[PDB]
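Descriptive structure summary
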Amino acid sequence: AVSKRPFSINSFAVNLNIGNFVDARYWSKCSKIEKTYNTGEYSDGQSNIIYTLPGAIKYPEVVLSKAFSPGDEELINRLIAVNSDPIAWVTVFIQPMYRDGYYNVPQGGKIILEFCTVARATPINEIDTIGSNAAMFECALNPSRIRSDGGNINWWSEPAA
Amino acid sequence: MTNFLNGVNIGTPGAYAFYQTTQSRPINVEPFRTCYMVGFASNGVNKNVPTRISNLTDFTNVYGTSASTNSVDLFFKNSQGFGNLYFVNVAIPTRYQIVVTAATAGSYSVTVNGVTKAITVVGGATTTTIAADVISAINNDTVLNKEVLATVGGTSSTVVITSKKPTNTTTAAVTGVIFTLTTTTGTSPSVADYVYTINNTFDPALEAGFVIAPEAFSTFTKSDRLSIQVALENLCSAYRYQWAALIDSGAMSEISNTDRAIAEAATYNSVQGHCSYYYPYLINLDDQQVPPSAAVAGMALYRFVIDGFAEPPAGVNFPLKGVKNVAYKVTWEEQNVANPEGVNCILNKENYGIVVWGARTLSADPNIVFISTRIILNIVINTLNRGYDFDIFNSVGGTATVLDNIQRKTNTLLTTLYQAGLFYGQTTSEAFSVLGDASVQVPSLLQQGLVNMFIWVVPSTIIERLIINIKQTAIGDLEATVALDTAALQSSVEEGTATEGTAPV
Amino acid sequence: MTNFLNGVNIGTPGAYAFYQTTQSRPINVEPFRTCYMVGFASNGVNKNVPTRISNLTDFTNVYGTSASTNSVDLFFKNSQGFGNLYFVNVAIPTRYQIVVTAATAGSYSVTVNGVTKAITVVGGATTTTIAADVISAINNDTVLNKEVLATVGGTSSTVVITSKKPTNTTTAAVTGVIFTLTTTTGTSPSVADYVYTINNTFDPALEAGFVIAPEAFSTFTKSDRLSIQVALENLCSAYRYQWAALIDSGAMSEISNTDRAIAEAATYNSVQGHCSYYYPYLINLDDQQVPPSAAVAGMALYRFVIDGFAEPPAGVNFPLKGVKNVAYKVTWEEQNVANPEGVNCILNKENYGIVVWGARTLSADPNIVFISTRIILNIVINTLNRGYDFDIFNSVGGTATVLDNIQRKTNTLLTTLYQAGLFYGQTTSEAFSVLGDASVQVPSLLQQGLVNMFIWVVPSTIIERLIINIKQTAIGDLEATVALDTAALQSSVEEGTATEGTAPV
Amino acid sequence: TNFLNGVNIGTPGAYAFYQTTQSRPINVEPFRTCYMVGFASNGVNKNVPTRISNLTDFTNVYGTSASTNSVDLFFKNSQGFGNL
């Protein structure tokens, strides 16, 4: 009863907005997306069972990675300068999609990690004259919100009202 | 289509705003999300031509005043744009009245649809004889005898030529002093006209769907309603269509109660359960009585799009719209007696609205009791027909590969429906089976161009009534009682004695 | 409603002040906060049609005069705006008398409910024969025989047509001089009319709640009251409804003592305790006797809102309002005899007021002794019914997830009730258990549309009588005696011999 | 019982009954049965081994007999886990 195949780990395209700049570069790797609830333990007095009280929502760090290639200097500069402006924010756009090759069939809106601040920029993960791995530009962001927009699915909606 | 062509007529480059207008959701070509309403308009703009209707305004513009306006409005209101409506306007055959004012001698001509029949008038002849001779010539002509029918008029000197093919225009003319011609045409369609439109206008290529005739069922008498139901049964059960028909009761004044509704639905017959009878008329927002078939079809298409095609058009979810009340309040006992007979009631359920509370057909066969089962079978048949349309007229070489191709195509086509959820079975092996390869083809039938193929399916079912059996346990002995009773119940079910016994009355 | 729409019809953009009127607080639509009063009114405006009443003024405006006015006033006084009241006016069957004056030969017509019947009279006939022909025709017509009944009148030349469906209107007409038509109808209702209204007027889609016929119980004789009680028992205990009925004693002029009340209650029967008898009539502020059912129902709804649904309509903290005394003082000995018989007494307790001092049903089964248990079971059943009405008419596909989902829906539905507090147990595992998965579903029953659910519940109980055992210890013997006595009592209660033995007189 | 409560109902509604003793079935295994040879005045099943559902069934089929107490004790001590 497999109506439709699930999303693979490679089934997402990742882009960034850095302040007023619409950076046109795709990221090949991203960490897990979550909404974590910090917990509290309590009782009323009728039992010795512990319960959990959710509180203090947090969206954990998102680590993006990509191949360090020509044209990445402007991205590096934008990333290391964005935090200087208290008004500037980083936005992450994740479009899920089914791709067999360069071809893709996007479905649904795109998850938007909104109001993110840069916590780490690592243009070069390592240097090794004998190494053969590709240099990985990494960037850590701290999202403050998540929504969805630009499609007919709305992956992340909130309990607004 | 709108919302995209706003900028086509602009020359200056720039960003321009145009206030996002109303949108349209393209109704896809599934073999059942269509409704065909047979109605009548004074102006026969599309006589016996199924024409798609975009909306109520389009219907009013194309056809003008018509008794089907309320039905169309309710259909669109309850369909919400998820489904197509095709209106079929009943053509009235043209009648031509000829009068032989005199019996003057001479050769004269009568032309009907381009065929000229000449009658010679001689001394001693009478107008009666002239009319009889003209009738004989027209009725014996090989072309006119099947194109039109000639009958005696109000006098022996009067003749009436009635078109036998309403769709095709019938033209008449005369050349002769004695012959005078006038154009008669009934301004109101007849039951025969409705029957002909039903039995000779529709197409197998037309997408499958519901068929309704609310105007006829509301404006005709008992015998005419029965005849129209017979015609609808023949159409929907014909091997080339395999559609579903929705029947409305007579006007409430005649069918004043559920007992009369049972009687009407009993006179109605549908062996394979292609017809579904509905009764309470819907009072629209203007306090007009409307047959429920239009609203029921709209809600059926909407529910097919939302919850899939295996669900029946009923339930508190998906209540009717464009209405505020029913013309008659059905009691629980009336429904308990009528639903087994095939009368699907409509109830003004407080806190839920107007809801169809029945999903049975007019069939006596226990296998095809439910309109959901009928619709699943119709969908399977029509999907297979649409698939095989491409394979029609293909060649057959010595390879016999097209037969295996047809079988594989059928397998994938049925797998699609299984994914849609139309069958009862965790797997295709439990849902359906096919047999259409060369092992069942006959050389004589192949020479004749005939290919046979066989299908087995297990249509899904619905929840028609839920039974709650509760026990009031004493304080503290809940778990032991639950264990004992659950053990007994599961043992009985798995052994097969859960159903054997005498049923409570 | 009011208190929010004051400023809608104001144009200027200023700030304005109005005065707070009474705000209408919405009554929740939960199962058991409704009362249904079956009564009569000469102006049968809504006959055999339950109609919601908002206040005594609305009742008087709609139905004018009725003996149920005092009961409605008491109900509203005691409910204090909580709960709903639905009045059901009893329909008097219409009657038409046709007199056959003469046996004149000719053709005539008798039309009943829009169905016309021809009557051909030949020479030598008699008015008796004509009446016989009319009776035969009406009683043989398949529709008229169901809708009405034709019988002989006071003379052989008279026919009486009685409407067999009082809820619907019956129409009659005649064409013919020899026929004389008269529109007769009893100005007062009968116990048969009350029985028909009870058995054929309520819809299971209605909110569950109490049912009361104070007018009928106060007006009718012993056998008629027994018939009404039987009808109410059948209605409430019907598998469709599972409601509660509050029976009132007959007029106290007849039932002038608790012994007569006990005899009446003993005649009354309710196996599952759906009917609860209340006897002392209440003397309202106008020195008028009123059956206590309306006040009891209003107080019950108020109690449900305040202290929850597990509390029965009794106690000293919910005294009745709109009354100043009872019509008979029930003695302690009379109550000690009557309460075990199911007779719930009403007492004019000083320092408290008029209080219901009994919460027992008319059932002999020890597990359903108290009305609170009956109400809890009814609430459970109605909550489950209104939950599953959403799942009726759903497709049982190959996944069969439906049945499992329905079992899980029960789990959560009954948990909501457990949190409300309707069960006896520290945990849901002690409160209730469910079984509705596919393991207890028969394929044949599924084809028929039947789905079976099994539930076990443990209702909570109440405190009917409280025993205080006291001892006077010596000077300085506190806990030198207490401890000793205690240990023995605890040991007996733990071992199980505390109850065993003989019960002291 | 408990499964056929809805077969003789026409309306499509949700409605409730009360649970009843749903006798549990005895599988066909050796030594799940007791054969009692007795006598009854009514030779209804003369020399014919006939299954007995319960004591009321026995009394209805065979009427008065000296084996009534034995039947009652058998059913009391078997609790439905056995054929007679």
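Now for a look at the structure at hand.

1. A closer look at the overall build of chain A
- Scanning chain A from N- to C-terminus turns up 1 helix and 13 strands.
- Helices and strands in chain A line up, N terminus first, as β-β-β-β-β-β-β-β-α-β-β-β-β-β.
- Taken over C-alpha atoms, the radius of gyration comes to 19 Å for chain A, far larger than the 15 Å a tight globule of 161 residues would show.
- Summarising its shape, the C-alpha atoms of chain A cover approximately 65 × 45 × 35 Å along the three principal directions.
- Relative to its 161 residues, chain A shows a buried fraction of 27%.

2. Focus on the packing of helix α5 (residues 191-200) of chain C against helix α7 (residues 222-237) of chain C
Residues and elements named next belong to chain C.
- Relative to each other, α5 and α7 sit at 5 degrees, their axes nearing to 9 Å. Considering their axes alone, α5 and α7 lie roughly parallel with respect to each other. Residue-level contacts link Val 191, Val 195, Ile 198 and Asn 199 of α5 to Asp 224, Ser 227, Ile 228, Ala 231, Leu 232 and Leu 235 of α7.
- Here the residues of the contact of α5 with α7 sort into 7 nonpolar, 2 polar and 1 charged.

3. Comments concerning the interface of chain C and chain B
- Of the residues lining the interface, 63 residues belong to chain C; the matching set on chain B comes to 56 residues.
- Between chain C and chain B, roughly 5,300 Å² of surface is buried when both sides are summed, and carbon and sulfur atoms account for 58% of that area.
- Three residues stand out in chain C for area buried against chain B, namely C:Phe393, C:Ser395 and C:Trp456, and they jointly supply 16% of the buried area on that side.
- Between chain C and chain B we count 3 salt bridges in total.
- If you look at where chain C meets chain B, you find 30 residue pairs in polar contact.
- Ranked by residue count, the leading element in the side of chain C that touches chain B is strand β22 (residues 450-457) of chain C, at 8 residues.
- Across the side of chain C that touches chain B, the residue classes break down as 34 nonpolar, 21 polar and 8 charged.
- Note: strand β22 (residues 461-462) of chain B against strand β20 (residues 395-396) of chain C, 2 bridges, orientation antiparallel. Note on β20(C): the bridge partner recorded for B:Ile462 is C:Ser395.

4. Brief notes about the relation of the copies chain C and chain B
- Aligned on chain B, chain C shows an RMSD of 0.6 Å; the corresponding rotation is 22 degrees and the shift along the axis is 38 Å.
- In this assembly the copies use different faces: only 3% of the residues contributing to the interface of chain C also contribute to that of chain B.

5. Structural notes on helix α7 (residues 222-237) of chain B
All names here are of chain B.
- Under the 1.5 Å per step criterion, the end-to-end length of α7 is 22 Å for 16 residues, consistent within 8% with the ideal 22 Å.
- Every buried residue of α7 is accounted for by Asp 224, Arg 225, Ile 228, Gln 229, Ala 231, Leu 232, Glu 233, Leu 235 and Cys 236.
- Looking at the buried residues of α7, the elements they touch are α5 (191-200), β11 (210-212), α6 (214-219), β12 (244-248), α8 (258-267) and β13 (275-278).

6. So, the side chain of B:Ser492
- Take B:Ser492: it is sitting in helix α15 (residues 478-495).
- Classification of B:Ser492 as buried rests on a relative accessible area of 2%.
- Setting aside residues up to four positions removed in sequence, B:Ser492 forms contacts with B:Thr497, B:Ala498, D:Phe3, D:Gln22 and D:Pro25.

7. Describing the sheet that holds strand β9 (residues 172-175) of chain C
Residues and elements named next belong to chain C.
- Spatially, β6-β5-β9 is the arrangement adopted by the 3 strands of the open sheet, whose pairing is antiparallel. The sheet is open, and its two edges are formed by β6 (115-121) and β9, each paired on a single side. When strand polarity is set aside, the average angle formed by the axes of neighbouring strands in this sheet is 15 degrees.
- Sheet topology note: the strand β5 (residues 106-112)/β6 ladder contains 7 bridges and is antiparallel. Along β6, the bridge assignment pairs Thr 111 with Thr 116.

8. Comments concerning the sheet that holds strand β15 (residues 289-290) of chain B
Residues and elements named next belong to chain B.
- Strand order in this open sheet of 3 strands is β15-β14-β16, and the pairing throughout is antiparallel. A single partner strand is all that each edge strand has here, and the edge strands are β15 and β16 (323-326).
- Across 2 bridges, strand β14 (residues 282-284) lies against β15 in antiparallel orientation. Paired with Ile 283 across the strands is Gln 289, a residue of β15.

About the cut-offs
- Residues numbered from 1 in each chain as written, not as in the entry; some residues may be left out.
- Chains lettered and ligands numbered in written order.
- Part of a larger assembly, values for the part shown.
- Heavy atoms only, no water.
- Helix = DSSP H or I, 4+ residues; strand = E, 2+ residues; numbered from the N terminus.
- Rg over C-alpha atoms; globule rule 2.2 N^0.38 Å.
- Buried < 20%, exposed > 50% of the residue type's maximum accessible area, 1.4 Å probe, protein only.
- Axes fitted to C-alpha atoms, helices over the stretch in contact; angles between N-to-C directions.
- Parallel < 35°, antiparallel > 145°, perpendicular 65-115°, else oblique.
- Contact = heavy atoms within 4.5 Å.
- Nonpolar A, V, L, I, M, F, W, Y, C, P; charged D, E, K, R; others polar.
- Buried area = accessible area lost by both parts, 1.4 Å probe.
- Salt bridge = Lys/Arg side-chain N within 4 Å of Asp/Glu carboxyl O.
- Polar contact = N/O pair within 3.5 Å; in protein donor to acceptor, adjacent residues only side chain to side chain.
- Pairing = 2+ DSSP bridges.
- Least-squares fit on C-alpha atoms.
- Expected span 1.5 Å × (residues − 1).

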